[PDB]
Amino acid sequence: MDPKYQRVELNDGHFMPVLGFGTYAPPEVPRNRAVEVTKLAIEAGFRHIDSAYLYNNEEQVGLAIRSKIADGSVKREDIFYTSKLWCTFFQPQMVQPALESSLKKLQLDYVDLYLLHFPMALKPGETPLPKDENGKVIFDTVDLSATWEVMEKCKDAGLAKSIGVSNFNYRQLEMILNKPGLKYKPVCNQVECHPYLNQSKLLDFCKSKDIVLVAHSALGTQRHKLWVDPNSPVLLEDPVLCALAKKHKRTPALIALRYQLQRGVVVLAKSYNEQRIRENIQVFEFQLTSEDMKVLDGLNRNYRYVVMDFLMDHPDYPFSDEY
C-alpha cells in the first residue's frame, strides 16, 4: 500500500515490482559487497532484484535474500528475483542444468523470472566470452525456439515462475511470439532504456503484444570499460536533466528513473552506495509534470551505450535493426 511496493501484472498472471535493484558490479569490487548492498536495498524497500550467471554474484545475492527472510523480515513471496541464462548454455540440453546451477548457488527453490540474456548463442564451455587464437569471440548456432521450449519446461517444473528475454529486437521477439505450439510468451524484454535511447518504437511494440519493457542502463550505465566506451556522453551530467532535477529539488538520477515509471516502463537502478540506494527508492515520492515528460522525450537521440561491438558479426546481433 506504500507506493514503493507498486507492481505490474505480467501476461502470465504474476506480478512484477515496477522498480528493481541492479546487482552487477565489475570483478574488481570485493565479492562480499553484493551481500551488504542487497541487504541495504531490501531495508530501503526494494523487492525486485536483478542478477545473472554472468554477474558472478548469485551466491552473495542469495545470501542477502535468505538472511533477510531468516531476518530483516521479508518473506520469499515478497521478493521478486530475476536471473538470466547466459549465451553459452543456449543448447536445449544445458538450459535446465544452467537454471538449477544458479538455484544451487542462490540456495532458493525458484527464481521469479528467468531471461535469455541475449538472442546470441556462443560456444559452450566455462568461459562466458570464449575466444579463438586471434581473440575473436566464437559463436554457436542454436534454434532459439528449442531453447525457449526448455524455458517453458522450466516454468512448468516450478523452477522459474515467469520467463522472458533480454536485448531482443522486434523481429526476434516475433520469432518467439509466432512459434508453433508456443505455450508461454515472454513476460518481458529487458533492454537498454534512458532519455538518450527511449525505445519508443520497441516500447509500443511490446505494449501491443502485452510484453513489459524493463529498462536496464536507465541511468546511462556504470560506465565500465568492459562494456561501455568512456568517451561516450555522461547522461547524468546533461544540463536539461539537471535543470529538471533542480526544479524538483531531486537529483538527475531520480528524474531519469521517474521518467520511466510515468511512461509504463519497469526500471532497474544499480547502486552499491548506501546513500544513493536510499535516494533511488524516493522515485515514488515525487511526480514529473506532463511538460517535464515532453522535454525528456526531446532528449532522445538514439545513443546506445551497451553496443556489444565484439559481437557485431554474430548473425543474431540485435542492434543493427532499426528496433
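All residue numbers refer to positions in the sequence shown, first residue = 1.
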Quiz item: 129-137 versus 188-196: which one carries the higher mean Cα B factor per the record?
Solution: 129-137
Quiz item: Mean C-alpha B factor from the entry: is it higher for 70-78 or for 105-113?
Solution: 70-78
Quiz prompt | residue 170 by Cα B-factor - lowest, middle or highest third of the modelled chain | solution = middle
Practice problem: Looking at the entry's B-factor column for C-alpha atoms only, identify whether residue 216 ranks in the lowest, middle or highest third of its chain. | Solution: middle
Practice problem: Rank-wise, by C-alpha B-factor, drop residue 230 into the lowest, middle or highest third of its chain. | Solution: highest
Self-check item: Record-listed C-alpha B factor of residue 30: chain third
Solution: middle
Practice problem: Sorting the chain's modelled residues by C-alpha B-factor, tell me whether residue 84 ends up in the lowest, middle or highest third. | Solution: highest
